[PDB]
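Residue numbers (our numbering), protein chains in the order written: chain A, 54 to 153; chain B, 245 to 291; chain C, 15 to 63; chain D, 115 to 164; chain E, 236 to 285; chain F, 28 to 127.
First the structure, in the form of structure tokens, and then the observations on it.
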Amino acid sequence: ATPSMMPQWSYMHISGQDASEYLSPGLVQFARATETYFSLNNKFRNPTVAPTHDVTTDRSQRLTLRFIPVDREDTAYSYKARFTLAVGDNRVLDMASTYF
Amino acid sequence: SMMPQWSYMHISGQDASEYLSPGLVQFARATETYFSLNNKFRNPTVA
Amino acid sequence: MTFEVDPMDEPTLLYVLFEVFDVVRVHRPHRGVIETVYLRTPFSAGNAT
Amino acid sequence: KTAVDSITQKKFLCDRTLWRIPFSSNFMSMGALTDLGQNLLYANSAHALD
Amino acid sequence: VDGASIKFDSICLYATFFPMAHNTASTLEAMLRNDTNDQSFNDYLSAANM
Amino acid sequence: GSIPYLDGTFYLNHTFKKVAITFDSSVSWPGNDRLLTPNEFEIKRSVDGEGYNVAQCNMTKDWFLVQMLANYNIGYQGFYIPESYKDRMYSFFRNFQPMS
Numbered sequence: 054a055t056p057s058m059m060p061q062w063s064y065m066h067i068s069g070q071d072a073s074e075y076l077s078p079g080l081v082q083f084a085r086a087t088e089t090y091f092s093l094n095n096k097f098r099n100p101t102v103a104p105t106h107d108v109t110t111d112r113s114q115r116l117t118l119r120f121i122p123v124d125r126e127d128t129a130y131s132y133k134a135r136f137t138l139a140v141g142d143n144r145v146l147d148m149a150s151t152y153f
Numbered sequence: 245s246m247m248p249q250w251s252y253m254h255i256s257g258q259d260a261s262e263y264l265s266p267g268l269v270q271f272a273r274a275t276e277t278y279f280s281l282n283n284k285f286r287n288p289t290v291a
Numbered sequence: 015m016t017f018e019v020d021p022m023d024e025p026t027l028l029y030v031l032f033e034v035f036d037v038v039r040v041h042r043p044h045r046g047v048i049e050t051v052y053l054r055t056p057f058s059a060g061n062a063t
Numbered sequence: 115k116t117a118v119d120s121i122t123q124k125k126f127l128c129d130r131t132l133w134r135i136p137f138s139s140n141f142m143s144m145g146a147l148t149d150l151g152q153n154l155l156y157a158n159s160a161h162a163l164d
Numbered sequence: 236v237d238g239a240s241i242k243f244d245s246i247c248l249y250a251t252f253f254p255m256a257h258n259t260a261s262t263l264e265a266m267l268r269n270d271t272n273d274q275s276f277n278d279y280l281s282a283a284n285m
Numbered sequence: 028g029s030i031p032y033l034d035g036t037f038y039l040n041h042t043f044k045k046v047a048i049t050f051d052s053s054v055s056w057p058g059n060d061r062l063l064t065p066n067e068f069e070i071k072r073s074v075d076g077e078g079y080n081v082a083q084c085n086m087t088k089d090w091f092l093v094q095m096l097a098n099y100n101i102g103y104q105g106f107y108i109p110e111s112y113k114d115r116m117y118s119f120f121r122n123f124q125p126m127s
């Protein structure tokens, strides 16, 4: 279920609200007032959670693909290679992560 | 052929947040942390 | 332009860069098609010198 | 010009660090409570590890 | 003159894909084809040499 | 001498060969055919036949990608030198030395 449905994880601040909110407003104003010479900013932990919907697939799909030269031709001083780069549907490829 | 050359290649014109469809802007703001699209678009500057 | 430099006993090259604007716009309308537009000013391609 | 036929050896060194393996879906670090932990809470079952 | 030599044997091409969820990637692909979301690029030195 | 288990100075990280993980005796995490050799992670190869080592070393690509991701979220858009403030003394890329 949702973590916020689980009570304990909210009680121990594993998941829930940040420390800017569940504190009574007076103490928050106090802490913001005296940050330069008496800091309370590290006496409370703020939870962080990661998204779980529509980020990562579940089908079978590889992370790294390796393509073979469809054609190669050679000479005395320089040689030429030619590949067929195939990008299947429902994917996007950034050319910054390709190398020979 | 409906735009002059300078305003086409974004040499001098609107910023990146002004010539993109709102959906793309919202998407780019959504996933900036782990998959960035910041550097694939221009941002003209003028004096 | 006129340059005056120190003499040396070896053939040499004066290497000059004119700073210009060079840009590319890439557009991908349909599946498996990629089109481009290049531009470089004030030395437009095909009018170099 | 009188060298001998030779073979090559390679290796690497890495100290002062722990080898780490994150328990995420795409191995990135998107947050403290990685999504697979939440997913396993959602499934609400038990498993054994080898 | 001094007998240096080099022989290439094989080439392979490598690429890496983010395992992005399918419908999210489909939405992104659909958005990025409208001809008002083109991609721009500009070399960093930028200049004509003589 | 020193005590690695307490002060935190390890030096035997290079003697591992490979690691295999299984849940419930059949499930093979991370499964779903992700890695170049999906059944098991793989740190070093004794003899390569297919070109799987990187950085002119003997560390299988994989392991390199996994470490870079888990430390700096780097690798899905090209490799490069991480900034100093994100690469502390006990990090990975600070202590990666290839030799031949």
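By construction, the Cβ of each residue, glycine as well, lies at the ideal position given by its N, Cα and C atoms.
With 16 other Cβ atoms within 10 Å as the buried cut-off, status of residue i
i, result
"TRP56(F)", "exposed"
"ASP89(F)", "buried"
"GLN82(A)", "exposed"
"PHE119(F)", "buried"
"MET86(F)", "buried"
"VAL93(F)", "buried"
"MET116(F)", "exposed"
"residue 95(D)", "Residue 95(D) is absent from the structure shown; chain D starts at 115 and stops at 164."
"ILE121(D)", "exposed"
"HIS254(B)", "buried"
"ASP259(B)", "exposed"
Residue i, enclosing alpha helix (DSSP H) - first and last residue
i, result
"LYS88(F)", "88-99"
"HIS66(A)", "Unbroken run through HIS66(A): none, as it is neither H nor E."
"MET255(E)", "Counting along the chain, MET255(E) falls outside any alpha helix (DSSP H), and DSSP gives it neither H nor E."
"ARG85(A)", "78-86"
"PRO31(F)", "31-34"
"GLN124(F)", "It is not in any alpha helix (DSSP H) - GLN124(F) instead sits in the beta strand (DSSP E) that spans 124-126."
"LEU155(D)", "149-157"
Sub-9 Å separation of residue i and residue j beta-carbons
i, j, result
"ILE48(F)", "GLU67(F)", "yes"
"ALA282(E)", "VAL34(C)", "yes"
"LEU248(E)", "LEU138(A)", "yes"
"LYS125(D)", "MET126(F)", "yes"
"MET285(E)", "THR16(C)", "no"
"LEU39(F)", "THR117(A)", "no"
"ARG134(D)", "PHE37(F)", "no"
"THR109(A)", "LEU147(D)", "no"
"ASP124(A)", "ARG115(A)", "no"
"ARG112(A)", "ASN98(F)", "no"
"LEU154(D)", "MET59(A)", "no"
"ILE48(C)", "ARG54(C)", "no"
"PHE253(E)", "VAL40(C)", "no"
"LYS71(F)", "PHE91(F)", "no"
"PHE123(F)", "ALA82(F)", "yes"
"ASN282(B)", "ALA272(B)", "yes"
"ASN258(E)", "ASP127(A)", "no"
"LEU280(E)", "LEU31(C)", "yes"
Proximity winner among the options, relative to residue i (alpha-carbon distances)
i, options, result
"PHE279(B)", "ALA256(E), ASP270(E) and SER245(E)", "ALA256(E)"
"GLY102(F)", "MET148(A), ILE67(A), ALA86(A) and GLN114(A)", "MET148(A)"
"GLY105(F)", "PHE153(A), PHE97(A), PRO122(A) and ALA54(A)", "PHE153(A)"
"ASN99(A)", "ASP149(D), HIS161(D), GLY145(D) and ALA162(D)", "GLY145(D)"
"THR64(F)", "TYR79(F), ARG121(F) and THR42(F)", "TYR79(F)"
"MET142(D)", "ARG115(F), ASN100(F), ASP75(F) and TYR112(F)", "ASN100(F)"
"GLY141(A)", "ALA250(E), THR271(E), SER240(E) and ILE241(E)", "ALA250(E)"
"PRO122(A)", "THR259(E), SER240(E) and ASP244(E)", "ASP244(E)"
"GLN249(B)", "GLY46(C), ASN61(C) and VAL51(C)", "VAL51(C)"
"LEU146(A)", "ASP278(E), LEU280(E) and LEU263(E)", "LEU263(E)"
"residue 165(D)", "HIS161(D), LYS115(D), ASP164(D) and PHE137(D)", "No answer is possible for residue 165(D): it lies beyond the span of chain D, which begins at 115 and ends at 164."
"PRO104(A)", "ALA291(B), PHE285(B) and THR277(B)", "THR277(B)"
"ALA129(A)", "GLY238(E), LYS242(E), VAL236(E) and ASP237(E)", "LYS242(E)"
"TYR132(A)", "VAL236(E), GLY238(E), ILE246(E) and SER240(E)", "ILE246(E)"
"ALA157(D)", "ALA54(A), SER63(A), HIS66(A) and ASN143(A)", "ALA54(A)"
"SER58(C)", "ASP36(C), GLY46(C), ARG45(C) and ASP23(C)", "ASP36(C)"
Unbroken beta strand (DSSP E) run spanning residue i, endpoints
i, result
"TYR52(C)", "49-55"
"residue 208(A)", "Because chain A spans 54 through 153 in this model, residue 208(A) falls outside it and cannot be assessed."
"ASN284(E)", "282-284"
"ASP36(C)", "35-41"
"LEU118(A)", "117-120"
"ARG115(F)", "Neither: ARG115(F) is in no beta strand (DSSP E) and is coded neither H nor E."
Query raised in the report: Along the chain, which unbroken stretches of the alpha helix (DSSP H) at least 4 residues long are found entirely within the segment 31-60 of chain F?
Result: 31-34
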